[PDB]
Protein chains: 2
Amino acid sequence: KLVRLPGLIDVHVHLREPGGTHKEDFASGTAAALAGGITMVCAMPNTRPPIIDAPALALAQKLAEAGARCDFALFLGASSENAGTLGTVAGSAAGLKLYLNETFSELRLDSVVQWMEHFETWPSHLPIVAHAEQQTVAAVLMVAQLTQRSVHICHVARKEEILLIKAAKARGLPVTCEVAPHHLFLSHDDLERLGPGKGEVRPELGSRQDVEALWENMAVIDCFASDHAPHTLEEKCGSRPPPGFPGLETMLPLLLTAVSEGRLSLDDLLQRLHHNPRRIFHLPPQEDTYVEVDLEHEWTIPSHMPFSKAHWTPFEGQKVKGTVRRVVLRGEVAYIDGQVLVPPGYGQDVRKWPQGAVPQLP
Amino acid sequence: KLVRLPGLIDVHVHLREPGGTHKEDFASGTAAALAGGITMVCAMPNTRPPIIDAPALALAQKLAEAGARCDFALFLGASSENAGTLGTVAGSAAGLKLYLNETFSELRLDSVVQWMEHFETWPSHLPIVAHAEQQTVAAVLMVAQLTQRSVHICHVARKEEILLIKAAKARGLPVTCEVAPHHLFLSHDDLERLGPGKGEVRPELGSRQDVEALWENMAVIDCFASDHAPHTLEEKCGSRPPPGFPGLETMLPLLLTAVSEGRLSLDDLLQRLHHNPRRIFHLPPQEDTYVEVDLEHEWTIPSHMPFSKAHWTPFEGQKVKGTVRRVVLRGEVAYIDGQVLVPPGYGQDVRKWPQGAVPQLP
Ligand SMILES: NC(=O)N[C@@H](CC(=O)O)C(=O)O
Ligand SMILES: NC(=O)N[C@@H](CC(=O)O)C(=O)O
Ligand SMILES: [Zn+2]
Ligand SMILES: [Zn+2]
Ligand SMILES: [Zn+2]
Ligand SMILES: [Zn+2]
Ligand SMILES: [Zn+2]
Ligand SMILES: [Zn+2]
Ligand SMILES: [Zn+2]
Ligand SMILES: [Zn+2]
């Protein structure tokens, strides 16, 4: 007996095209998404060139329209030079992305004044998301209050961060957040197995107490999102390993295992991979779209999943219970038992759909 | 013709006793204060032992009462273990001091949750001051708002920081700040002369644009305070130089030079070295206390000032116009033309004066 789920949404993926296509491209990354039960992705702007201006966005839009197998929206990235310049294209993007700490990113800002300028100039009705770790979460929340608008915090990984967000929500502040599967299912304890290169990720893997705090505070977590961040094994195992884990193909199996163990409910999962992503990012429904999963099948995660060009996974060896059997996207079979059945270019930019425009006052 | 000023107050000094008395002690540091026209100092808690518990405060109180030549109040320091334990002694301190970044300090906190705990437990009517640089200013402001109280930001040094504080004040938030003379009168341009050891200070010396921004935004600066941070030349010139500059003996001459040049008024100076320190820290008046200065006398700062045990100064070679001629403290001549005339132990803990207790609701 299969369970039918709606089309799941991953609001934080790195698809590497343009400019990093040996790591992933739209075609391979969206195949990975479909195999993970994900029918819509929001792609981050830290590509080469980075998506920080209208010409770069135009290029990325066409590459995505030609290569994507599932539907998508593309983030713009904040830079030290582009505040006040994105108004004409802002509504065509998933949202604006701010990189506020050291990570794999033309995009670190050098002053909180630059954060303020973005919060003041980006249209008030459109999403802003931040890579903001530890005290940076409190700092960006302050900027959001000074400019009287909301913010969404990416990949929350620490007890400190989730408790700060919890306190902010208790004061009625407009903040939402997401958590990635590696911060729920891996910890410092796994660094011995992973090694120092493979284990590199931002935010870094947390302590057992960090992981426990995220689970205990599930009510504070609005979304799950993979932060799918593919790099090849050669890069991860080399002399200056880039941070990041691939995750599209493993996220849903890990979370379904947790559902089966009673750690959260199926509804809790669907709020975090469907309803809350829709409402925070104003993403449209996908007609005749659904995912069928098998909750009984036990398997062990292999050394690499079939689709991502990363060709490795930090979850190797973990036992999971839960499998994606079939995905239907807009009336076409997109995935069955390991076979992707829609071509590159089947996917569409949801921000171009009438129902995908973000409503605003005249 | 001498100008009579009220007794000036320095709310940020490091007097090194207990435990660092080769760098400074209460007797030498308060001699330096008097020679700088300062009749009351607030001493920071990053001593050895640090002033983070009742027994350490009791020790420091007696050492100060025995050694100080001018009046004083002593800060308590926040630690990772003392939130909720300081209630009985809090009112006897200048305030609570939080070290939120790397500097010469049992006192860095490891989580914003620890900041919140201090803001929640320290009595609401008593001062909290923070060493908070760059984005940390925004972060601690967020904590202050979440806990609905004020905060004072120590040694503001950057355009970024003063503009953030300016924005917060424009939104009516209860934040005050101070600026140290080295951040008004030295910059990156001086590092060639100072060298990498002597030049070490936290916050670091800023760019010419940082210095210009502080002057342009003088209206945002509530207090001047030296951050007198004495270390010996051997330490500053050695293999792991500690950060900090001595400053009590040079602060007023530097600022009087600026007054003479029309960069700020005498009133602007007295607001920042007398009235605002009094009102932010609830410090009492000192009866029959005043300072006589000579605004005409030009001199060049020597390689060391007479009193501080630091026995060096980063302002060596600067030309100043303005000299402290005489200081009277509580009816006794305390300083004349280079001679301190009150003994160690003349100074008193102002928090023990009836008028020095901070008013609170029953
Ligand atoms: N998280 C990572 O470790 N890496 C991400 C960047 C990011 O989400 O910050 C990447 O693009 O490789
Ligand atoms: N500012 C410094 O560079 N040093 C101060 C510490 C401080 O005020 O942070 C010290 O105590 O030496
Ligand atoms: Zn990130
Ligand atoms: Zn995100
Ligand atoms: Zn990311
Ligand atoms: Zn909407
Ligand atoms: Zn400091
Ligand atoms: Zn201070
Ligand atoms: Zn200090
Ligand atoms: Zn008062």
Side-chain angles (χ1 to χ4, degrees), chain A residues 80 98-102 108-120 130-149 151 153 156-175 203 206-207 209-210 213 216-217 220, chain B residues 80 98-102 108-120 130-149 151 153 156-175 203 206-207 209-210 213 216-217 220:
Chain A
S80 67
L98 277 63
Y99 285 94
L100 304 183
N101 304 103
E102 168 276 311
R108 257 278 231 171
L109 307 172
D110 55 78
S111 167
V112 175
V113 176
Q114 291 165 331
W115 316 1
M116 283 188 285
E117 288 169 345
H118 276 293
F119 271 76
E120 289 160 352
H131 180 126
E133 299 186 47
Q134 299 191 85
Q135 66 187 79
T136 310
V137 173
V140 74
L141 275 171
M142 189 68 257
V143 169
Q145 301 335 291
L146 288 172
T147 63
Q148 283 293 288
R149 67 153 291 150
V151 64
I153 310 299
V156 170
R158 295 174 170 89
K159 175 173 181 175
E160 167 183 17
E161 295 160 350
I162 201 67
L163 293 181
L164 175 64
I165 292 162
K166 185 181 176 64
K169 287 184 174 187
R171 292 282 297 171
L173 302 185
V175 57
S207 67
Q209 294 68 36
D210 286 317
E216 174 71 3
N217 291 286
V220 184
Chain B
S80 67
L98 277 63
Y99 285 94
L100 304 183
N101 304 103
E102 168 276 311
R108 257 278 231 171
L109 307 172
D110 55 78
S111 167
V112 175
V113 176
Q114 291 165 331
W115 316 1
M116 283 188 285
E117 288 169 345
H118 276 293
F119 271 76
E120 289 160 352
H131 180 126
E133 299 186 47
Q134 299 191 85
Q135 66 187 79
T136 310
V137 173
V140 74
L141 275 171
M142 189 68 257
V143 169
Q145 301 335 291
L146 288 172
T147 63
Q148 283 293 288
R149 67 153 291 150
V151 64
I153 310 299
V156 170
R158 295 174 170 89
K159 175 173 181 175
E160 167 183 17
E161 295 160 350
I162 201 67
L163 293 181
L164 175 64
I165 292 162
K166 185 181 176 64
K169 287 184 174 187
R171 292 282 297 171
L173 302 185
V175 57
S207 67
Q209 294 68 36
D210 286 317
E216 174 71 3
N217 291 286
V220 184

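Proteins come first, then strands; the chains are lettered A, B, ... in the order of their sequence lines, and each starts at number 1.
- When the options A/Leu163, A/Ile162, A/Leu164 are evaluated for a side chain to side chain contact (heavy atoms under 4.5 Å, CB included) with B/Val113, the one that passes is A/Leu163.
- The minimum heavy-atom distance linking A/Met142 with B/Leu173 is given by the pair CE-CD1, 3.9 Å.
- Judged as a side chain to side chain donor-acceptor pair (under 3.5 Å), the pairs with a partner in residues 134-147 of chain B (not counting sequence neighbours) are, in order, A/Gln135-B/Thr136, A/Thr136-B/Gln135, B/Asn101-B/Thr136.
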Residue pair A/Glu160, B/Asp110: steps toward the side chain to side chain contact (heavy atoms under 4.5 Å, CB included) verdict: CA-CA 9 Å; A/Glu160 167 183 17; B/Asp110 55 78; over 6 Å; no

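- Contact of B/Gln148 with chain A is made through the side chain alone, with heavy-atom distances under 4.5 Å.
- A 6.0 Å sphere centred on NZ of B/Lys169 holds more than 12 heavy atoms belonging to other residues, nucleotides or ligands.
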